[PDB]
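I have placed the structure first, in the form of structure tokens, so that the comments after it can refer back to it.
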RNA sequence: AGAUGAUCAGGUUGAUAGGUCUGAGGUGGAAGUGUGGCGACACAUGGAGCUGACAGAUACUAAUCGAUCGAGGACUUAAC
RNA sequence: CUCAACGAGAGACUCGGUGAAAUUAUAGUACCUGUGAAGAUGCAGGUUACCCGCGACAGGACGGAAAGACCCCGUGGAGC
RNA sequence: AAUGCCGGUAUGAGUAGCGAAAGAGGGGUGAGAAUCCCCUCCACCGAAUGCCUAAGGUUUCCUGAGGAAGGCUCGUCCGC
RNA sequence: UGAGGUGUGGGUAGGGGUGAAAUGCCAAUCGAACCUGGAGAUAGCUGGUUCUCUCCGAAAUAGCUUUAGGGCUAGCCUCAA
RNA sequence: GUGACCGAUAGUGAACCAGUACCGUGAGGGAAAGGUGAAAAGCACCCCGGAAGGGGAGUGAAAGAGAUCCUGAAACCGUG
RNA sequence: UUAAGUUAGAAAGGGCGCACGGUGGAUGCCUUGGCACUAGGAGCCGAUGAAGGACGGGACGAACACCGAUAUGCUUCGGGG
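In structure tokens:
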């Protein structure tokens, strides 16, 4: 049937992208926790 | 009740 | 006595024992012809080990191969390759790719 | 009772026609043993149809022989081959136009193979 | 349809008594050998009583 | 006879299976040719043609050559 | 259905290749009548039973799968 | 001895399964062919099982070698 | 042919949204989504608790208790003076 | 610079291309995996095999030391 | 030779013991890394563009580290041969 994940790169970059998270202090804290753990991929 | 309806 | 070991070729050991239990103790002249006609497709591998043992007897010791007889015909198990087969409703059952050590020892009678 | 050979009856008829015609051109084919046993009676029946040589027997044989070329650079069909070569070759012999010779088992499935030839 | 107890080694070996397979009906080929299973054409020489028919 | 084993009929001084021939039964009047009709069609050749496992004949084909298993018969007591 | 009988295909059966899973205290794991935590393959008395498999059925192993959902308790919780 | 955690290995067991739906034969390569290549029949879809073009994947496309592991078998073949 | 299906781009976020109203749905999750922290919450409840030998050896009773399968004090046990 | 601190299921999640592989749309969750020999001196050469893998012959103190490679237990599988 | 008795051996396969192996990484040694601290220092970096990354740069195939189209680097001042 139609499953949950229907991929679209524009929607992914609009919702979970770098500029979406840099536009609020919430996503800035998300990126700070991402850098503090040392993950290679910071955002979508 | 004791209904055998195990899933 | 000459010895040849297969050492990690891809065949399950239980299927190799079904040929090795009957090939054991026979003369080598009546042993290749058993392997040619069985057919039981581990038997070409057992044939390769048997010809390797006969050639090791002929070249390294000169044991006059027409007089040879099979002495030791044990089958051991090698390392198992682990594979997973998907099933219904997300079960992920395990599949064992078995591996055997085929060893044939020939000597005089 | 005849064999079913694991096929549908239409598939049985098509495979038997294919094997009969292919035996009729190539004169020696290698199949399984039970296919050989089912094929030999049909092949000798079609040779018996070729023995008569009349138009009605040829039209009976045309309903079974498939349209494949028998002899190259001669434009001979298989149906012409039955009534030109095989019938004249087996004019004296009364039955037994084929023999089956068994081979060893097959590698891929353990199938006992057989050689079929027109004799 | 669920095994109540596991099978022991001895019961498993007793069940595997008849799992062995027999020696084929192999005989001397009159042309070359060796050897040839009965009622089949020899794979070595391709002969059968006694013409080379391949 | 039968899931497979097994059982039964048989393996070239022989009818075990297939083919061939002749039959039983089934279906119903084959193809081609000719006649009548503008034609669809009908009639004659002709109980025709065809026919899977049902019979009887016939070694034409396959059951080849071969190989394996298989006993030298314990001791007492009564007559021999 | 009375009342079921055939036929076709796929699986099941045989062979060749590959090859899991639930479960599992150990197990050389009969029946009857009793006894027992009050419903016994394992206890007592008796009755039967050469060893090992293959194809089937599902009466038992209070079978397996889910720390019963019913009922009760918790000076547990959640929604109204 | 926690329906403990992790790792290894058994039982079930050479058992279930090997995932809709047509293949057959003759040549070729090769150590090895029911599965690879060629040819001839036969079969299937055909308001598609045809053509292209998004989203998506991103090298999966072509050629030459190769076959360890992955092709639920094999493999000389492949989206390896 | 319509209170129609569907594509793309968007909006409403959990004591909230949305609901032709079922306690339905909100990423296989819903009488209150998921993740991380308080947090090793708490559990009068169930399970578990790892070497040996010797000496002595119980109780399942009374009272009280939002107490009845929990607790406290007496009764019974052990060691020392 | 020091431990009546740990020694590869321990000690940082991470002694090793580790916040990596992998899972999730996302926030986030999050592994497993050390050891030849002192020195590669890593088995020239011969035979079987298509190769892998063996048996000789060599290097080495040890080749049962030969690429998850020091020692190598038990479950498990085998042969007498 | 008969009749009646009494015994051994029988193994398709199996059980126990012993011998020889395979699988596996427990144990024993063993650190290349960690955990606590001590005595001192250092406690900020950035529009003269930070922290952190993407993309690249080696004759040579991918990655770690290093570096930035002056790219596996470039000067000056010392150490060292």
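Protein chains in written order, with the authors' numbering: chain d, 1 to 44; chain W, 1 to 7; chain S, 2 to 110; chain N, 2 to 120; chain b, 2 to 55. Built from N, CA and C at the ideal position, the CB exists for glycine as well.
Task: Chain-ordered chain S contacts of residue 3 of chain b [CB-CB under 9 Å] - done: Within 9 Å Cβ-Cβ: nothing; residue 3 of chain b doesn't reach chain S, min ~16 Å.
Open item on the list: Assuming residue 77 of chain S and residue 60 of chain S are in contact, meaning their beta carbons sit under 8 Å apart, how far apart are those beta carbons, in whole angstroms?
Closed with: Not confirmed; about 25 Å, so no contact.
Open item on the list: Tell me whether the stretch 2-13 of chain S and the stretch 42-57 of chain S touch, counting them as touching only if at least three CB pairs, one residue from each stretch, are closer than 8 Å.
Closed with: Contact between the stretch 2-13 of chain S and the stretch 42-57 of chain S is present, because at least three Cβ pairs lie under 8 Å.
Task: Where the stretch 2-31 of chain b meets chain N: residues whose CB sits under 9 Å from a CB there - done: none
Task: Beta carbon of residue 66 of chain S nearer than 8 Å to that of residue 29 of chain S - done: yes
Open item on the list: Between residue 111 of chain N and chain b, is the shortest Cβ-Cβ distance under 8 Å, so that the two count as touching?
Closed with: no
Task: Any C-beta of chain b under 8 Å from that of residue 22 of chain S - done: yes
Open item on the list: Give me the chain b residues within the contact set of residue 94 of chain S, using Cβ-Cβ distance strictly less than 9 Å, ordered along the chain.
Closed with: The premise fails here: residue 94 of chain S is roughly 17 Å from chain b at the closest Cβ pair, so nothing lies under 9 Å.
- [ ] Look at residue 31 of chain d and residue 43 of chain d and say whether their C-beta atoms are less than 8 Å apart.
- [x] yes
Open item on the list: Once DSSP output is grouped into helix, strand and coil, what is the label at residue 55 of chain b?
Closed with: coil
Task: Cβ separation of residue 51 of chain N and residue 62 of chain N, assumed to be a contact under 8 Å, to the nearest whole Å - done: 6 Å
Open item on the list: Does any residue of chain N have a CB that is nearer than 8 Å to the CB of residue 52 of chain b?
Closed with: no
TODO: Return the CA-CA distance between residue 28 of chain N and residue 72 of chain N, expressed in angstroms with no decimal places.
DONE: 12 Å
TODO: With 8 Å as the threshold, decide whether the Cβ of residue 80 of chain S is near any Cβ in chain N.
DONE: Residue 80 of chain S does not count as touching chain N.
Open item on the list: Just to make sure I have the definition right: I need the residues of chain b whose C-beta is within less than 9 Å of the C-beta of residue 105 of chain N. Which are they?
Closed with: 38, 41, 42 and 44
- [ ] Output the distance between the C-alpha atoms of residue 18 of chain S and residue 87 of chain S, rounded to the nearest integer angstrom.
- [x] Distance between the alpha carbons of residue 18 of chain S and residue 87 of chain S is about 30 Å.
Task: Buried versus exposed, by CB contacts within 10 Å (16 or more), residue 37 of chain S - done: buried
Task: residue 21 of chain b versus residue 14 of chain b: straight-line alpha-carbon distance, rounded - done: 12 Å
Task: Length of the line joining the Cα atoms of residue 122 of chain N and residue 102 of chain N - done: Not covered by the structure: residue 122 of chain N. The range shown for chain N is 2 to 120.
Task: Segment limits, beta strand (DSSP E) that includes residue 14 of chain d - done: No beta strand (DSSP E) contains residue 14 of chain d, which is instead part of the alpha helix (DSSP H) from 9-15.
Task: Where residue 116 of chain N meets chain b, residues with beta-carbon distance less than 8 Å - done: 42 and 54
- [ ] Determine the chain b residues that contact residue 105 of chain S at a beta-carbon separation under 9 Å, and present them in chain order.
- [x] Chain b residues near residue 105 of chain S: none, gap ~18 Å exceeds 9 Å.
Open item on the list: Is there a Cβ of chain b sitting closer than 8 Å to that of residue 34 of chain S, yes or no?
Closed with: yes
Open item on the list: Among S/99, S/32, S/64 and S/62, whose alpha-carbon lies nearest the alpha-carbon of residue 50 of chain S?
Closed with: S/32
Open item on the list: I'd like to know if the stretch 87-105 of chain N and the stretch 40-56 of chain N are in contact, where contact means that at least 3 CB-CB pairs between them fall below 8 Å.
Closed with: yes
TODO: If I'm right that residue 83 of chain N touches residue 39 of chain N with Cβ under 8 Å, what's the distance once you round it to whole angstroms?
DONE: The Cβ separation is near 20 Å, so there is no contact.
- [ ] Determine the DSSP secondary structure at residue 14 of chain S, reduced to helix, strand or coil.
- [x] helix
- [ ] Just the chain b side, please: which residues come within less than 9 Å of residue 39 of chain S by C-beta, in chain order?
- [x] One finds 22, 24 and 25 in chain b with Cβ atoms closer than 9 Å to the Cβ of residue 39 of chain S, taken in chain order.
Task: Distance CB(residue 20 of chain S)-CB(residue 71 of chain S) smaller than 8 Å - done: In this structure, residue 71 of chain S does not lie closer than 8 Å to residue 20 of chain S by Cβ.
Open item on the list: Just to confirm my understanding: we take residue 13 of chain N, look at its own chain, exclude 5 residues before and 5 after, and list those with CB closer than 8 Å. What are they?
Closed with: 5 and 6
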